[PDB]
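In what follows, a single structure is set out as structure tokens and then discussed.
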Amino acid sequence: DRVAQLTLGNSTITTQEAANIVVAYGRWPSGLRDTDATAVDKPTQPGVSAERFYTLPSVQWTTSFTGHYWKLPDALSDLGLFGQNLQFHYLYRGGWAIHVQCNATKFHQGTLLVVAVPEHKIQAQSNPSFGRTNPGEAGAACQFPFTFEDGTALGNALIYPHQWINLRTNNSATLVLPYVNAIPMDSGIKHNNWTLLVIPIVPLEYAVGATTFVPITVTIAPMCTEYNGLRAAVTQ
Amino acid sequence: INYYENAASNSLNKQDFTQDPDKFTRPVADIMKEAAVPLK
Amino acid sequence: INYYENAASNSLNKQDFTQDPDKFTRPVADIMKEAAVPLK
Amino acid sequence: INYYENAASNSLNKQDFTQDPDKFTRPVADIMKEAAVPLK
Amino acid sequence: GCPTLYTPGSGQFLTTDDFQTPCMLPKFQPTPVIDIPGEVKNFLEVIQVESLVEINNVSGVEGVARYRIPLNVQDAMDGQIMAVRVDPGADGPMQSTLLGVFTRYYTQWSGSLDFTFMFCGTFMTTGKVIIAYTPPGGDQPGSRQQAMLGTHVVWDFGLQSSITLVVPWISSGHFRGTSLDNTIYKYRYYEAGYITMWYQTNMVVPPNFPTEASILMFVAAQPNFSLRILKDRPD
Amino acid sequence: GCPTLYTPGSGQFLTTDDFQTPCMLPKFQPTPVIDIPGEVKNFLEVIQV
Amino acid sequence: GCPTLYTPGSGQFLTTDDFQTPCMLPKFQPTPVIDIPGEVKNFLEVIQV
Amino acid sequence: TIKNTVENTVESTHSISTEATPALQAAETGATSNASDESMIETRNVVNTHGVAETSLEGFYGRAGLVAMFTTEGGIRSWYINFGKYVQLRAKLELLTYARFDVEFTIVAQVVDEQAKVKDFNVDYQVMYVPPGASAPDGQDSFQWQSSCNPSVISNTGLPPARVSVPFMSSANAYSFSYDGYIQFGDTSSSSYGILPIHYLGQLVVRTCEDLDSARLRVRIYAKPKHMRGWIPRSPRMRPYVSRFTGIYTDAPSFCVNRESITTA
Amino acid sequence: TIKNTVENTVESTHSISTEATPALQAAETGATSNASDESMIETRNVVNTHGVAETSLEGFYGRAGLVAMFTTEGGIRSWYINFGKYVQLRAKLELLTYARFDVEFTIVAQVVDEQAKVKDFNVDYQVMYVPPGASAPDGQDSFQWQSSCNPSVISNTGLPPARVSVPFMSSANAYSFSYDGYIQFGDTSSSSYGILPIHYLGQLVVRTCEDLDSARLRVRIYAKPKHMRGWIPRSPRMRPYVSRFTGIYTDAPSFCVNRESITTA
Amino acid sequence: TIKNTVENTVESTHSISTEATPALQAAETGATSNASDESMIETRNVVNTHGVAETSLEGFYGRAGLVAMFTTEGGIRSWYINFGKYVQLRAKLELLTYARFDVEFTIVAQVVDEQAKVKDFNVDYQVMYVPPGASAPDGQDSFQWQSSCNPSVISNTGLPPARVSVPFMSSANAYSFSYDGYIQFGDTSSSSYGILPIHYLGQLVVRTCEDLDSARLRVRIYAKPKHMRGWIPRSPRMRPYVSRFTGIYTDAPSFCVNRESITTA
Ligand SMILES: CCCCCCCCCCCCC/C=C\[C@H](O)[C@H](N)CO
Ligand SMILES: CCCCCCCCCCCCC/C=C\[C@H](O)[C@H](N)CO
Ligand SMILES: CCCCCCCCCCCCC/C=C\[C@H](O)[C@H](N)CO
Ligand SMILES: [K+]
Ligand SMILES: [K+]
Ligand SMILES: [K+]
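Next comes the structure, spelled out in structure tokens:
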């Protein structure tokens, strides 16, 4: 179906031009098991205060738009009680729900790929800056979309979880991601597990005189979260 | 028969099967059957 | 006993028989017995 | 299987357990339980 | 002790061998296995995913523009949109795809292919196209009558954005070679046929609309597909 | 390990020998056998023509 | 005797190896074990002090 | 569910209907097409017995490849254990995000003159493994070569090659071929980015037990993974490598060869 | 029906009759004669125990023979894998139209001077198998010799000979020793005739791991078929071979020696 | 009681009470603390499967290490059997007061010039074990080398290394790595103190079976304990060794590195 409603904590989202929902690697987010756990102190599970939708500032699909990205959990590291719990604790674990929105008339044509990639490094340059590697809640521009910022073909990104927004068909994309790592928990301030990338593959065009200014908007929820190792608050 | 103490000593595995690829090819929340239209 | 994984590793076959050669020596549609004349 | 006559010929032992360390850690004549005070 | 005799091949280091050996650390116990999403057991699971074809590979075309096929409003009938050879290990548009890179790790292939196309015009844009597979025996077909005598589909642009053509396994032997290189081994023997696209009607638009639109082209293996004899990727 | 003694003829390459050997491609599965007319098992069948 | 093939790593001296070997004195019988206080089996017992 | 052969094919007849439409698809949803062959054309029966074993992880990964090649200087050299210098095995391991495996190492050694011309001369060599925090030898005759705790292998250039197995030795639950993070707290320097210190397991050090006159050892190392397990397949590498310890690359405007026009095959 | 010995002989008496005529035959029909010994003369009983095993396909084919012999130039040489250069094994395989078999290959190598006089000198050699579409090495030190995907064997001129098995590797259901056709569509050129590209499986490439001074490797390869199956016996070859890849020949007016007259034995 | 893994962890809740006080302790009593983790903080369940095998006596002691290294002078040398010359294995055995074990000895030998440069030359060597009260050979050709009662091993510098096992050979019920006493009655001399004559089991003597011209043997010996048993753990050694047969040392005012202040980590 083409209608959907997502509800988490005190927050709700609706859409009328959906295209199903993706659940990455066929798994939903879940808790750490007693056989797989290592840290011995009792974990913190904040519930509805952390697990709810947050909305990041918007991006304009200009004439020159090459693409944009966000790092998780960097982007949400300074927002609400997700942010404060992540600063006060040494270790973090959890999954995500993601919803990308972009609307335009029946007189517009264009297409975006919306893709979530595990362990994505920035490496077109000898020495990536801290600004490029951790761009915060504003995100940063793609300078090298054809090589996917990492030395692979853009065309083969579809091995990672993705959807398309095609302006003749749909106006939103939805992804659900579980926790992925080689260890049971990790530092939230030193390591980013996922990157969310939005890339135009067919450029934006329209009937002469139609509305030219078209935003793209990203909304994100933490899901199934736990923390260990409480201390004072610490940031990079 | 294994001649040595630790399993790192053993020879290569012989369980060379494949499995259903739907965790990578069709990872969607609601089912879409072959004969139907996808969006309805 | 075979020591290796693939059959190309095995030693030579030991089934060294022969068989009736009529597929090469008498490949004719109608039978012609020894004691009879062939064309009748 | 052992190929030689004397036990000095045999390979290394495989009984690699540990045991309760109280002969070195708590070698005292009267018991002092965790929840109690030691001197009373 | 036991009498023995040692045979030729003694002391040789063969890289694809398989024997038991003494371990540097005999008493080491490794960390536990934990639950991680997305375990893979066979690369046939990966090759079955769709990836984009670099179809517009011509001199003046660079970067993301090389993934788009053009369409435009016509003023004459039955015209051609694109052509390509279907051979998956061959140099050209297929070579950078997932299916192309794994096929370049191996010398032989067998099975059906899935080609899938998606339209990216406005909601108001309409048209119909015909997509044909031609088995081997000559050159690519020179007209729409010559093309529609082979395996084909007619595609109508509407609500469902996309269509699949299946290229079925039609071969003399059970396997084909992945190279088509003619200077030494005459392997042009194994060439597998062509795929071509023509206008069935025309692309039609309202007043002041964009008169040019794009298609995107995806390729994947089907469930009867397989590979033999590993070799070093020439890229 | 086991005591052994190695005999004369060790390391010789005799062309009519018959021993097992390691394979260059251990996991390779060959094409099927199909029905073809005129299979031969012994050249005494041919000499009788 | 039995045909054999000898593999790489033949004749190497690896210090952490573990094989049976011939004894210099095959008929020697050692003294008895006696009761001594403070036997240790694992150095985890010592590190806990 | 698990399979040992590829899928069969059944007979199929003509269809004229409104009710069943397998050719129509929506790529927007993120799913790959599900049109079968039998739905799209009239098919015959085929019993297909082709196997799937050469494309298993054991199949693809289970064979030896070069990881190091060096000569001694003043009767010694050392090597940091890391699979980045030779690109063929590097490019295969970066097809997975996380992997667990054991390794079988093979060592091949020979004597050369000062003109790098080979010499018919048999000599004893020693290889020592030195984990992080252990002291490495300074030269050919240092007292760290007693090797009473560190493992060693000792061998001769006239025997067959040396070989040992090694188990899965990481502090993590798998090795990592991509890592989007920094080495340590309070050091966001650009040289501290995209390295996991957890894959670093130490050095190998090599010497001749005695001093050669004028000659040197040349040494090669081959590695073979065994018992592979793997998670989260990655896009394959498509540009040249530049550096041993980083993924750095240079951009270019195409991946495949050009042609005269899109309508000419 | 199957047999492990040749046929016995029974007793036979005189015959005077119109009813039975085993000596009369008609060669026109395409059948070989069926007159038995016992029908043509008076015979005695003989229990015959002669076996049939030396003339089986395993019997006739199961022994090694020479396929290649070459020297290195600048520390390298390569060989196209094809059994045409040495005529003895070639002339045996062309007694069948179609065959399936595995092969056991044996490699023998030694060092020579520039005057082709042998040298008492032990050296490491490497053999690499390069299937079609793979890049072959250019010289002694090219980076294709890492061998991480292509199979290799590495060995020394002072060990016993190298040996490996290989399975049935064709894309067809059998190899072909006759092929009446062309290589590809739209190329009826006379050099494109009577070659099957399906028997071509690639090259072997050989090097010394290090540079010899003045000396070269000389190398010989022997091949032995195993597990033979065979279809459609052919007439045996009766004129000299001329070329490695074709059946070309020159005519002559006889096959056996002449004599003074037909009536003189 | 015996265990194959380390201890698990259980869940724990808050406590407010006068009745239970696990944090209070009295070090005066000579006992180590018994406060568990779960008593001191709120804990979660953890099933812990880490093993204990690398820290067993067989684990820690069961690998070979260097005990002797020497060259022949006039075709002979001898060695007093004692593990004091090389400090790494010495420092490990002095972690126990008393031990019983068997030993596996490995011998590696090679030819050198007078400039201590190695030589490609294969020679026969002999090793003889001479217990106390037996006559040792005087030179390369003495008649004690008949070896009809004393054990010998004979071998060649071009075979792999020589190796033999030895059982527990002391007159005592264990070897001793500390001995607070004198060698004999009526001799309280300071050189007679802290030696046990019971660990002394004799010499090894080495020769070349024939006279080398100008060259010498160089020889190394490695020892590996097997089947260890151990009593009464000692404090570990913390100052350099000075002498082969005694524990003598020099004092110094610290053991670890200094820092600027006690309040700065
Ligand atoms: C005496 C024999 C020497 C054996 C020394 C063994 C050391 C252990 C090596 C384990 C292999 C580690 C592989 C892990 C990761 C790779 O290096 C990646 N390329 C790191 O980026
Ligand atoms: C490292 C060892 C090298 C092994 C390389 C094996 C390659 C496979 C060879 C299979 C034998 C093919 C024989 C087929 C046909 C004959 O060549 C005919 N004379 C062709 O006309
Ligand atoms: C032909 C092979 C030679 C074998 C000779 C064997 C002799 C027996 C040696 C047993 C080992 C004795 C170890 C006892 C004590 C240590 O030496 C201590 N460091 C003494 O202070
Ligand atoms: K099947
Ligand atoms: K008979
Ligand atoms: K436990």
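Protein chains in written order, with the entry's author numbering: chain 2, 9 to 244; chain 4, 30 to 69; chain 4', 30 to 69; chain 4'', 30 to 69; chain 3, 1 to 235; chain 3', 1 to 49; chain 3'', 1 to 49; chain 1, 10 to 274; chain 1', 10 to 274; chain 1'', 10 to 274. A prime marks a further copy of an entry chain. Just so it is clear, CB atoms sit at the ideal spot from N, CA and C, and this is done for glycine as well.
Residues in the same chain with beta-carbon distance under 7 Å from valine 15 (chain 1'), minus the five sequence neighbours each way, listed in chain order, please. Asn57, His59 and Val61
Kindly list the residues whose CB is nearer than 7 Å to the CB of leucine 94 (chain 2), restricted to its own chain and excluding five residues on each side of it in sequence; keep chain order. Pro81, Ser85, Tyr100 and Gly196
Tell me whether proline 160 (chain 1'), by its Cβ, gets closer than 8 Å to a heavy atom of ligand 8. The ligand content of the structure shown is limited to ligand 1, ligand 2, ligand 3, ligand 4, ligand 5 and ligand 6, which means ligand 8 is not among them.
Does the CB of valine 117 (chain 1'') have a neighbour CB from chain 1 at under 9 Å? yes
Would a check of beta-carbon distances place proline 32 (chain 3'') closer than 9 Å to chain 1''? Taking CB atoms only, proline 32 (chain 3'') has a neighbour in chain 1'' less than 9 Å away.
Measure the Cβ-Cβ separation of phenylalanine 177 (chain 1'') and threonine 15 (chain 3'') and say whether it is below 9 Å. In this structure, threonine 15 (chain 3'') does not lie closer than 9 Å to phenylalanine 177 (chain 1'') by Cβ.
Hey, does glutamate 34 (chain 4') have any beta-carbon neighbour from chain 1' nearer than 9 Å? no
Just to confirm, are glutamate 62 (chain 3) and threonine 97 (chain 3) a CB contact at a threshold of 9 Å? no
With 9 Å set as the bound, which would you pick, yes or no: does the beta-carbon of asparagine 57 (chain 3) sit closer than that to a beta-carbon of chain 2? no
Proximal residues of chain 3, C-beta to C-beta of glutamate 16 (chain 1'') below 9 Å: What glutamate 16 (chain 1'') touches in chain 3: nothing, since even the nearest Cβ is about 16 Å away.
Kindly give me the distance between the Cβ atoms of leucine 75 (chain 1) and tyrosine 138 (chain 1), rounded to whole angstroms, as I take these residues to be in contact under 8 Å. Between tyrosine 138 (chain 1) and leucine 75 (chain 1) the Cβ distance is about 19 Å, and since that is not below 8 Å, they are no contact.
C-alpha distance - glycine 203 (chain 1) paired with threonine 259 (chain 1), whole-angstrom precision: 18 Å
Can you confirm whether the segment 39 to 46 of chain 3 touches the segment 184 to 192 of chain 3 when touching is taken to mean that 3 or more C-beta pairs between the two stretches lie within less than 8 Å? no
Kindly indicate which three-state DSSP category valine 127 (chain 1'') falls into: helix, strand or coil? strand
Taking the runs of the alpha helix (DSSP H) that are 4 residues or longer, which of them lie wholly in the segment 53 to 92 of chain 1''? 66 to 70
Chain 3 contact for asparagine 267 (chain 1) (CB, 9 Å cutoff): yes
Counted within 10 angstroms of its Cβ, other Cβ atoms place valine 57 (chain 4'') as buried (16 or more) or exposed: By the 10 Å Cβ count, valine 57 (chain 4'') comes out exposed.
Can you give me the Cβ contacts of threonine 255 (chain 1'') inside the same chain, cut-off strictly under 7 Å, excluding the 5 residues immediately before and after it? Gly203
Simplified DSSP assignment, three categories, for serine 174 (chain 1'): Correct three-state label for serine 174 (chain 1'): strand.
Which residues in chain 4 sit within 9 Å of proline 169 (chain 2), going by Cβ to Cβ distance? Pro56
Assign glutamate 37 (chain 1'') to one of three DSSP states: helix, strand, or coil. helix
Should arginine 72 (chain 1) and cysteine 218 (chain 1') be called a contact, given that it needs their Cβ atoms to be closer than 9 Å? no
Under 9 Å, do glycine 239 (chain 1) and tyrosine 107 (chain 1) count as touching if we go by C-beta distance? yes
For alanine 12 (chain 2): DSSP bridge partner residues: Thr23 (chain 2)
Do the segment 50 to 58 of chain 2 and the segment 200 to 207 of chain 2 touch if we need at least three Cβ pairs shorter than 8 Å? no
Just to confirm the assignment: which complete alpha helix (DSSP H) runs, minimum length 4, are found wholly within the segment 136 to 175 of chain 3? 144 to 147
With H, G and I counted as helix, E and B as strand and the rest as coil, what does DSSP make of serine 185 (chain 1)? strand
Check whether the Cβ atoms of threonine 38 (chain 1') and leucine 41 (chain 4') lie closer than 9 Å to each other. Not in contact: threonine 38 (chain 1') and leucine 41 (chain 4') (Cβ atoms no closer than 9 Å).
Check the DSSP bridge columns for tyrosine 77 (chain 2) and list the partner residues they point to. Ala148 (chain 2) and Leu205 (chain 2)
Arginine 99 (chain 1) in three-state terms, based on DSSP: helix
Cα separation between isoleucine 173 (chain 2) and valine 122 (chain 2)? 8 Å
Which same chain residues end up closer than 6 Å to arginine 86 (chain 1') when comparing Cβ atoms and leaving out the 5 residues on each side of it in sequence? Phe79 and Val215
Residues bridged to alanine 221 (chain 3) (per DSSP): The partner list for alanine 221 (chain 3) (beta bridge, DSSP) reads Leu113 (chain 3).
Can you list, in chain order, the residues of the segment 174 to 186 of chain 1' whose Cβ is nearer than 7 Å to any Cβ on chain 4'? Going along the segment 174 to 186 of chain 1' in chain order, one finds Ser174, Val175 and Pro176 with a Cβ nearer than 7 Å to chain 4'.
C-alpha distance - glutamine 109 (chain 2) paired with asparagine 13 (chain 1''), whole-angstrom precision: 56 Å
Given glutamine 119 (chain 1) as reference, the closest of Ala36 (chain 1'), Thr10 (chain 1'), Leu221 (chain 1') and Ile241 (chain 1') once Cα atoms are compared: Minimum Cα distance to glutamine 119 (chain 1) is reached at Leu221 (chain 1').
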